[PDB]
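# An overview of the molecular structure
Read off the chains here:
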Amino acid sequence: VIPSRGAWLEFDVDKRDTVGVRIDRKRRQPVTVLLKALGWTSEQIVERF
DNA sequence: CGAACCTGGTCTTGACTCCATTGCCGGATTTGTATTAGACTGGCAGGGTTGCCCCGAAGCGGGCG
């Protein structure tokens, strides 16, 4: 997700079957942690996915 | 055959002129330092976006003692 003058972010499936948020070129950081950082429950994730 | 002549360099005397060269000397300018008393109390900030290669370092899984 490329913005103009913002901050990059990526959701890359690794060598294993794990999706990972890389915000502003940080480390692997799986995406359910990012949804919980949006306050999304694990139940809300389960309902969504 | 001998005597003067005028004039080249070669040099000397002494007076005249003119300008460097300090030395003050007084003033102008300029370089550095100090001092401001109400209260103020943690920064903005884009280059990064390659490809490939070698290698050093962390980190964890794996067997292990």
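Everything that follows concerns the structure shown earlier in this document.
Summary of the structure given here. Entry numbering is not used for residues: they are numbered from 1 along each chain in the order the sequence is written, which may differ from it, and residues without coordinates are omitted. Note on labels: chains are lettered from A, ligands numbered from 1, in written order. The full assembly is larger than what is shown, and all values describe the shown chains rather than the whole. Side-chain numbers come from the whole structure's heavy atoms, not from hydrogens or water. Residues with missing side-chain atoms are left out of burial classes, side-chain pairs and their counts.

### Quick notes on unusual backbone geometry
Phi at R25 is positive, roughly 60°, even though this residue is not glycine. For the purposes of this entry, the term helix denotes a DSSP run of H or I that reaches at least four residues, the term strand denotes a run of E that reaches at least two, and both are numbered from the N terminus. Relative to the elements of secondary structure, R25 occurs in the loop between β2 (19–23) and α1 (31–37). Residues other than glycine seldom take positive phi values, yet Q29 does so here, at roughly 55°. Tracing the chain through its elements places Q29 in the loop between β2 and α1. The buried label applies to any residue whose accessible area, calculated with a 1.4 Å probe on protein chains only, is under 20% of its type's maximum; exposed applies above 50%, and partly exposed to all values in between. Residue classification places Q29 among the partly exposed positions, given a relative accessible area of 41%.

### Notes on the pairing of β2
Taken together, the five bridges between strand β1 (residues 9–13) and β2 define a ladder with antiparallel strand orientation. Of the residues in β2, the one forming a bridge with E10 is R22. Should DSSP find at least two bridges between two strands, the strands are taken to pair. Counting the residues in the hairpin turn of β1 and β2 gives five residues.

### With respect to the packing of aromatic side chains
What describes a pair of aromatic rings is the distance from one ring centre to the other and the angle between the planes of the rings. By convention, a stacked pair of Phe, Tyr or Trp rings (six-membered ring in the case of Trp) has centres within 6.5 Å and planes under 30 degrees apart, an edge-to-face pair has planes over 60 apart, and any other such pair is tilted. Counting across every chain of the model gives zero aromatic pairs. Charge over a ring is defined by NZ of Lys or CZ of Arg lying within 6 Å of the ring centre and within 35 degrees of the ring normal. Over the face of the ring belonging to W8 we find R25, whose NZ or CZ atom lies 4.5 Å from the ring centre.

### What to know about the pattern of salt bridges
Salt bridges, as used here, are contacts in which a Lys or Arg side-chain nitrogen is within 4 Å of a carboxyl oxygen on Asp or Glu. Taken as a whole and assessed by the stated rule, the structure comprises two salt bridges. With its nearest N and O atoms 3.7 Å apart, the salt bridge here joins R22 to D12. Residue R22 is found in strand β2, and its partner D12 is found in strand β1; the two are separated by ten residues along the sequence. For the salt bridge of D14 with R16, the shortest nitrogen-to-oxygen distance reads 2.9 Å. Accessibility expressed as a relative area gives 27% for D14, which makes it partly exposed. Of the residues examined, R16 reaches a relative accessible area of 55% and is grouped as exposed.

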